[PDB]
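Chemist: Before we start, here is the structure in question, set down as structure tokens.
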Amino acid sequence: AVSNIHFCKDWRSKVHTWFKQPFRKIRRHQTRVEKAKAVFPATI
Amino acid sequence: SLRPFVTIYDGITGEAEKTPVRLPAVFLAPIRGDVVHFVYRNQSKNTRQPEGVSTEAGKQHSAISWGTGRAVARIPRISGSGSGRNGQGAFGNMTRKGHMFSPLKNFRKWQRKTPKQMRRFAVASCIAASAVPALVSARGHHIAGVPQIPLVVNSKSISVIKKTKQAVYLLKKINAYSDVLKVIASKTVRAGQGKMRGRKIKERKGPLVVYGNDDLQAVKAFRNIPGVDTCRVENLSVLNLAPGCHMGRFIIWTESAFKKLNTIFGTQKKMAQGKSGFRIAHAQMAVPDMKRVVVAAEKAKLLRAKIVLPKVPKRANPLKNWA
Amino acid sequence: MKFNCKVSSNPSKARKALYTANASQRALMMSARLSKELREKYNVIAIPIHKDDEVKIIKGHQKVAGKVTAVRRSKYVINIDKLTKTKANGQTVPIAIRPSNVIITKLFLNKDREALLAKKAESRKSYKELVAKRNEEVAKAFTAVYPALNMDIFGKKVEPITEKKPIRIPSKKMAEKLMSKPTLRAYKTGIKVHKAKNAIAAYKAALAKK
Amino acid sequence: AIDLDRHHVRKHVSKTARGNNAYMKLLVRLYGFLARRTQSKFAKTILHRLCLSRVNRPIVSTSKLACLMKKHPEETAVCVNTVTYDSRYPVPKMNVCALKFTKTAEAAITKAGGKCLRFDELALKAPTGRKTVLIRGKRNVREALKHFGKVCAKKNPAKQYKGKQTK
Amino acid sequence: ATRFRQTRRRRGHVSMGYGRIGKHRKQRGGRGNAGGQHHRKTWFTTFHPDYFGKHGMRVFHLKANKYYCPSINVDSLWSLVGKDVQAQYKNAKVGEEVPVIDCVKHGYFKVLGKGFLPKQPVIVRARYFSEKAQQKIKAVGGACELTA
Amino acid sequence: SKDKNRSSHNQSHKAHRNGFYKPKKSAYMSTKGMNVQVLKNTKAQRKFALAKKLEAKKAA
Amino acid sequence: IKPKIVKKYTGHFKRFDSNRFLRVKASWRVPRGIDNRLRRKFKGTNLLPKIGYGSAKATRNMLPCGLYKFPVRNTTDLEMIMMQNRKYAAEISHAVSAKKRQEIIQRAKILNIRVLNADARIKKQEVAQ
Amino acid sequence: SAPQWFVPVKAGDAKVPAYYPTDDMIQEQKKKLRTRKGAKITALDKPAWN
RNA sequence: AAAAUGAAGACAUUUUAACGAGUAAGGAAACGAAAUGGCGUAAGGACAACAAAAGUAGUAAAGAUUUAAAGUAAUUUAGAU
RNA sequence: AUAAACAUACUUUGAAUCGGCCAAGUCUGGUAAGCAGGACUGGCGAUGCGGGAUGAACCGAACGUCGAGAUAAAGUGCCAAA
RNA sequence: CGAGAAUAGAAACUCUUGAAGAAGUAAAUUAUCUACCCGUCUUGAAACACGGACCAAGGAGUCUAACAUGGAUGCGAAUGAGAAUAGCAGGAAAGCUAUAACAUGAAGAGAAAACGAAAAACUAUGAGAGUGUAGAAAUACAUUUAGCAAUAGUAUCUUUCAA
């Protein structure tokens, strides 16, 4: 199969890793809870 | 499916309950070591933390090779003068204080994917092996004294356990303390460079206490006991039921968790409820035994008699051997 | 297991904070235990050590009892007048002792130890009354489920369940065929060894009977 | 030495159960015993087909079983492979022995009044094989076979693995 | 599993399985698909014989949603409602109540005619129909309905 | 840097290690490019015979 | 009863040029040089390990006393060969202390098992004792 | 009866397991080595086969 | 390679027959009659005195120097200092 | 006629390689070459062993570790077994 | 005189050496035979071809991404949904649960417009199952039946200027 791979540019500076993903849940869930406690109609 | 009965014991009084419970259908799933090995090999890597060397480690010099005509190799050399470092080796892989072979990068693959249905296959095969006393003991558990290897305790006794003195008392009543003392007596220290990283103590594995939704207060009691791990019935995985990829963990079920098993995993004919899309598989063989086929074929006079190979005589010389 | 995310379980970080701790936290670390006579008088387990105190060495070559002559917090040691070693040419030098190998037998209590000891005493009592409140609550919930029993059963001997009800499961025939060779051989040898021990035990009992 | 045409090299025939499946290991133990003792060509066939790789044991659908069992009313189809379900066509009453049955195939066969047997029950009931019909699925239907060869060929061109700018 | 690679089995062999006469050098004919018409022409002729050239008209902005048209054959129509419903209405004819197969509700737009339908009346509701699809539905006693 | 041009040395020894692959039987039985009228007659009878075979199947 | 143990080669297969150079150790390595004297099996230097040198299957891994070695770490590990005393011989590991060695030695005498390290880590009772 | 491989020996007050019998009911047996028979003595007149 | 036997023995079964040179190169792991067999380095999860104190260790660990033993070999085991 | 069931037919994936050299009851150019280039086969390369004193190709013959015998090329005054 | 066969008969031993060290094994020396410098390029190196004074430690097919073949694994007209993301217990970079957008596949041909598959198939050889006879131990013939996989060839149908 004819290969079409776009790694000629500096991909090493283009690499984005998702190591913060398990902590986005904790951030968003906690903030989502905090808004509910502030004015529960708002988070509706 | 006759599904033999299972007794439920009182953890405080030691008295069996008057109402037996049918064995859940999850205990008759095929016990596939190869499927468990595939899942455990993938899942055990999911706790790994990213690591990597410095990106600029060993590349922080302006070195260029001296070229030929100087009676030295062509590896790059540090520039300048006045110190011992100048004129020495440079970035090269084999040089001292240079970068190594392909440097480890923090974007490696630390976690491994696995299909969900193959993960549920391995848990059912790991649960079934926990009801085989031969496989439980061969894994390294002392279960010679327990009444039933699918050990269930009353949910009434569990609800009263609030201290580790009571949790230890219950474990003594149901004859499960042999494993707890094996872990206590055999605790030792790690052998190697793992002690500088903080990993010093190396204990063994003991009973696993599987509890339901009504047993959230008894968790705190069992957690300080050495070599006793607790897990909720829904959160079972290969990392609990087969530590070290050796199936047959000694499990202590509670009444609430034992009865929920049928709903969670379903039967061989009913699709599961807790795990939608999954159904217990049928083993390649209906009855995993070879004796009943032989005796029936023997009764039909089909098998030939057992053959013992004749002793082939050694070659002789008829011209010289009269016999 | 630790659950406070602020504190660290790293052995290296613990030692670094031990060496670089200031004088304020060094005093509270060189504590010693009171003796029986002093414990009964004050109801205090341990207090930080002080100069002009009288201690008794309990671990070491010489278990002498003397007076504390130096509390060296930089070296985390203390000095006793009785424990000395002659330095060849004739002069004697004190021998350093870790403060965890001694127990105090006579306090040097001017005015701040008195305030400390009273504060240390009430803290013990306040915790004792709090543990008692929890213990009855645990006992109260145990009676509501087993009204015929009392909580003292947990401190006595335990009688194991001797009933041996077996279960028929259509996998015991496959048990030998579900082990790998390294764990099959060990399992079979354990069976062979166990049988031979039972054979000798049986023969011995027959000889004992006869 | 001796002028041989070629030296002795391992024969390229499997003789045991591939993998670490404990149940499939016992099936080969059972039919290796039956074929050796009964000396029946049926057991030698089932033993051989149990030792093929997964790719060489293609599936058979309920539609294909129905067509092959049309003129064999009281018979037992025997296919050493997974039996899937063809939802397009109805499933009549028949007895099938196979290594594994799809959840939908097992329901369809049972609901029609038939039976789903495993190979130990077949050996217990028909060891030498008396009212059975040997069936195997098609092999050339694999899509991998399309790309084999040279796609520039004049006679039977291949299928040109797709890639960069394929028209 | 780095312990199962061929590198661990070739330790002690000088060239690591790459040859002595022809070494393992940096390149073997260019980087990427280089030389597609000079020295790798026999590769492109042999294995991608239509790689170079042009064909067809350019679509400056292709609206790929206008070509979306999932298809289902006639024999597969009854699988949308299952065999349980199919047997229930097996003995119906004109005049009484007949199940309706909503292909659009299941994501199927065009109904093609391939295979054989069960000999029961049925109402097929869809967006497009093949000529042979409508013939096979009508030849069995059914009706075809348009949508959208 | 003159080099040797060509040699048939060792070529026959190579061609006989895996000997001359004869064609299969189906190679000789191909019918593409046969006589036009002959193919028409053969097709006519194969259509006639198939229809007769099929109506008996439909009859039973 | 003891069979006759026959060894086809009692010497050692030393590495090539291990005698001339101290950086080359004596552990065997197959010479892969294109012009190597030993690999080409010249006269004089044609001594390589080959499977034909293997000893008889019956008497393989058998000590000269006629028994097979069995390592033991405590008295309980002796019971695993307590029924095969005519085939196996005990072997106390190199790290077992002198105190635990006495228990193993005195227990094996009870079970009638041969021990090969029976004179290991003995105290100073050699002269005037 | 004792297993064929079990030949009990006396323990000089050394620690013994539970299963191993006490020496009071353990009787020593003299070690036996010879297993072949000597040559038979025939008549003075008759000659040996050898 | 072919016969026989086969839930565990064991030496990777038993018997018979043919065979064994080799640069470049190949033969990943698993697969009871095993679709090559193994040695070594370091780390992670388990197992290691089955009767409630369960691998070794101040009655001397790792390491170093040698003497012997096992293995065709990679190497392993043990004694002495 | 003779041989052929570890026969036969293969399918897929892939390694290395396309600097060659020698012999001759062979050929072409050249005065000729241990020169240059070819047809057929066997070899060396990749190959050790016995003989030709010594030798990549010559003659016998191809190799798991050994014991006993009959041999091959070729030898039998001494080196050197006869 | 005598094969077969029937009937009766017969084999258990000596000497020497060895804890005053047997047999074997190892080390050093001697003696006969034997042995050119390793790695590499090369048709060919022990080469008057190149690197190598000696020792220790370090030292070179790895990681990410796309495709294909192949062996083990789950499910199967579906598979995946550890797509983001949202919840659960426990405090958790781990574990469990989410009727779900989509990815690949189930339909193919055409540049595109426009379309979109049965004569409920045929022929040949082929896996398997019986019954009888006989040798006679296994096995060798006769005969009834079925004809899967695979290969090849046919009709028929979709698309294409063109199969």
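Quick note on naming: the chains in the structure tokens go A, B, ... in the order shown, residues restart at 1 in each chain, and ligands are numbered from 1 in order of appearance.
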Would you pick out the contacts of residue C:95 at 7 Å or less, using only C-alpha atoms (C1' of nucleotides), so that residues sharing its chain but fewer than 5 positions from it are not included, and give the list as a ChimeraX atom specification?
Modeler: /C:79,83-85
Chemist: For residue I:61, please output as a list in words all residues within 9 Å (counting only C-alpha atoms (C1' of nucleotides); exclusion window: fewer than 2 positions along the same chain).
Modeler: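 Once the nearby chain positions are removed, what remains is residues 95 of chain G; 56 and 57 of chain I.
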Chemist: Show me which bits of chain H are within 12 Å of chain I, counting only C-alpha atoms (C1' of nucleotides), as a list in words.
Modeler: residues 17, 18 and 19 of chain H
Chemist: May I have the selected residues written with N, CA and C atoms, as an mmCIF file, in the first residue's frame?
Modeler:
```
data_model
loop_
_atom_site.group_PDB
_atom_site.id
_atom_site.type_symbol
_atom_site.label_atom_id
_atom_site.label_comp_id
_atom_site.auth_asym_id
_atom_site.auth_seq_id
_atom_site.Cartn_x
_atom_site.Cartn_y
_atom_site.Cartn_z
ATOM 1 N N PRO H 17 9.250 -34.678 64.281
ATOM 2 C CA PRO H 17 7.898 -34.239 63.930
ATOM 3 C C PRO H 17 6.855 -35.067 64.664
ATOM 4 N N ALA H 18 5.599 -34.644 64.521
ATOM 5 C CA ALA H 18 4.508 -35.368 65.161
ATOM 6 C C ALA H 18 4.359 -36.768 64.583
ATOM 7 N N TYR H 19 4.505 -36.906 63.265
ATOM 8 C CA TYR H 19 4.228 -38.186 62.629
ATOM 9 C C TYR H 19 5.305 -39.219 62.925
#
```
Chemist: Pull the closest atom pair for each residue of chain D that gets at most 8 Å from chain E, along with the distance in Å to one decimal, counting only C-alpha atoms, ordering rows by chain and then ascending residue number, as a tab-separated table.
Modeler:
```
residue	atom	partner	partner_atom	distance
D:87	CA	E:79	CA	6.3
D:88	CA	E:76	CA	5.1
D:89	CA	E:75	CA	7.5
D:150	CA	E:47	CA	6.1
D:151	CA	E:47	CA	5.5
D:152	CA	E:46	CA	5.1
D:153	CA	E:46	CA	7.9
D:160	CA	E:48	CA	6.2
D:165	CA	E:51	CA	7.7
D:166	CA	E:51	CA	6.9
D:167	CA	E:51	CA	7.8
```
Chemist: Please provide the set of residues having any atom within 12 Å of residue G:11, restricted to only C-alpha atoms (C1' of nucleotides), with same-chain residues fewer than 3 positions apart removed, written as a list in words.
Modeler: residues 7, 8, 14, 47, 48, 49 and 53 of chain G; 72 of chain I; 25 and 26 of chain K
Chemist: Write the residues of the selection above to a file with N, CA, C and O atoms (P, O5', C5', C4', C3', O3' and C1' of nucleotides), as a PDB file, in the first residue's frame.
Modeler:
```pdb
ATOM      1  N   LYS G   7      31.423 -40.393  30.449  1.00  0.00           N
ATOM      2  CA  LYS G   7      31.534 -39.048  29.907  1.00  0.00           C
ATOM      3  C   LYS G   7      32.325 -39.100  28.611  1.00  0.00           C
ATOM      4  O   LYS G   7      33.405 -39.697  28.562  1.00  0.00           O
ATOM      5  N   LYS G   8      31.787 -38.479  27.564  1.00  0.00           N
ATOM      6  CA  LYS G   8      32.437 -38.522  26.263  1.00  0.00           C
ATOM      7  C   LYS G   8      33.590 -37.537  26.144  1.00  0.00           C
ATOM      8  O   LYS G   8      34.415 -37.678  25.237  1.00  0.00           O
ATOM      9  N   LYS G  14      37.176 -24.425  25.976  1.00  0.00           N
ATOM     10  CA  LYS G  14      37.640 -23.067  26.201  1.00  0.00           C
ATOM     11  C   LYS G  14      37.425 -22.209  24.964  1.00  0.00           C
ATOM     12  O   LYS G  14      37.437 -22.698  23.832  1.00  0.00           O
ATOM     13  N   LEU G  47      37.788 -28.280  17.880  1.00  0.00           N
ATOM     14  CA  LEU G  47      37.106 -28.742  19.083  1.00  0.00           C
ATOM     15  C   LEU G  47      36.006 -27.749  19.445  1.00  0.00           C
ATOM     16  O   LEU G  47      36.280 -26.688  20.011  1.00  0.00           O
ATOM     17  N   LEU G  48      34.764 -28.104  19.136  1.00  0.00           N
ATOM     18  CA  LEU G  48      33.605 -27.278  19.425  1.00  0.00           C
ATOM     19  C   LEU G  48      32.558 -28.105  20.150  1.00  0.00           C
ATOM     20  O   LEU G  48      32.476 -29.319  19.947  1.00  0.00           O
ATOM     21  N   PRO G  49      31.744 -27.479  20.999  1.00  0.00           N
ATOM     22  CA  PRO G  49      30.620 -28.195  21.615  1.00  0.00           C
ATOM     23  C   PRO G  49      29.591 -28.573  20.564  1.00  0.00           C
ATOM     24  O   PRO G  49      29.077 -27.714  19.847  1.00  0.00           O
ATOM     25  N   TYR G  53      28.248 -34.747  21.973  1.00  0.00           N
ATOM     26  CA  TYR G  53      29.011 -34.910  23.201  1.00  0.00           C
ATOM     27  C   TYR G  53      28.132 -35.167  24.411  1.00  0.00           C
ATOM     28  O   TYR G  53      28.664 -35.404  25.498  1.00  0.00           O
TER      29      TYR G  53
ATOM     30  P     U I  72      25.980 -33.131  29.002  1.00  0.00           P
ATOM     31  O5'   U I  72      26.941 -32.128  28.229  1.00  0.00           O
ATOM     32  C5'   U I  72      28.270 -32.503  27.895  1.00  0.00           C
ATOM     33  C4'   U I  72      28.773 -31.734  26.700  1.00  0.00           C
ATOM     34  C3'   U I  72      28.857 -30.227  26.874  1.00  0.00           C
ATOM     35  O3'   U I  72      30.086 -29.836  27.451  1.00  0.00           O
ATOM     36  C1'   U I  72      27.783 -30.753  24.824  1.00  0.00           C
TER      37        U I  72
ATOM     38  P     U K  25      39.686 -40.494  33.515  1.00  0.00           P
ATOM     39  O5'   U K  25      39.562 -39.171  34.390  1.00  0.00           O
ATOM     40  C5'   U K  25      38.330 -38.474  34.475  1.00  0.00           C
ATOM     41  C4'   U K  25      38.388 -37.361  35.488  1.00  0.00           C
ATOM     42  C3'   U K  25      39.525 -36.373  35.333  1.00  0.00           C
ATOM     43  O3'   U K  25      39.324 -35.433  34.296  1.00  0.00           O
ATOM     44  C1'   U K  25      39.340 -36.985  37.593  1.00  0.00           C
ATOM     45  P     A K  26      40.591 -34.842  33.512  1.00  0.00           P
ATOM     46  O5'   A K  26      41.145 -33.717  34.490  1.00  0.00           O
ATOM     47  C5'   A K  26      40.299 -32.677  34.954  1.00  0.00           C
ATOM     48  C4'   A K  26      40.924 -31.934  36.104  1.00  0.00           C
ATOM     49  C3'   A K  26      42.336 -31.427  35.872  1.00  0.00           C
ATOM     50  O3'   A K  26      42.357 -30.200  35.166  1.00  0.00           O
ATOM     51  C1'   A K  26      42.213 -32.502  37.974  1.00  0.00           C
TER      52        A K  26
END
```
Chemist: As number ranges by chain, which residues of chain D does DSSP assign to alpha helix (DSSP H)?
Modeler: D: 22-38, 41-50, 62-68, 103-111, 119-125
Chemist: Write out as a list in words every residue belonging to chain G that has an atom at most 8 Å from any atom of chain C, counting only C-alpha atoms.
Modeler: residues 79, 80 and 83 of chain G
Chemist: Suppose you want the space between atom CA of residue H:44 and atom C1' of residue K:15; what is it in Å?
Modeler: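 That distance, rounded to one decimal, is 21.2 Å.
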Chemist: Mind checking which residues fall within 10 Å of stretch 35-50 of chain F, counting only C-alpha atoms (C1' of nucleotides), ignoring those fewer than 5 positions away in the same chain, and posting them as an MDAnalysis selection string?
Modeler: (chainID F and resid 55) or (chainID K and resid 119 121:123 154:155)
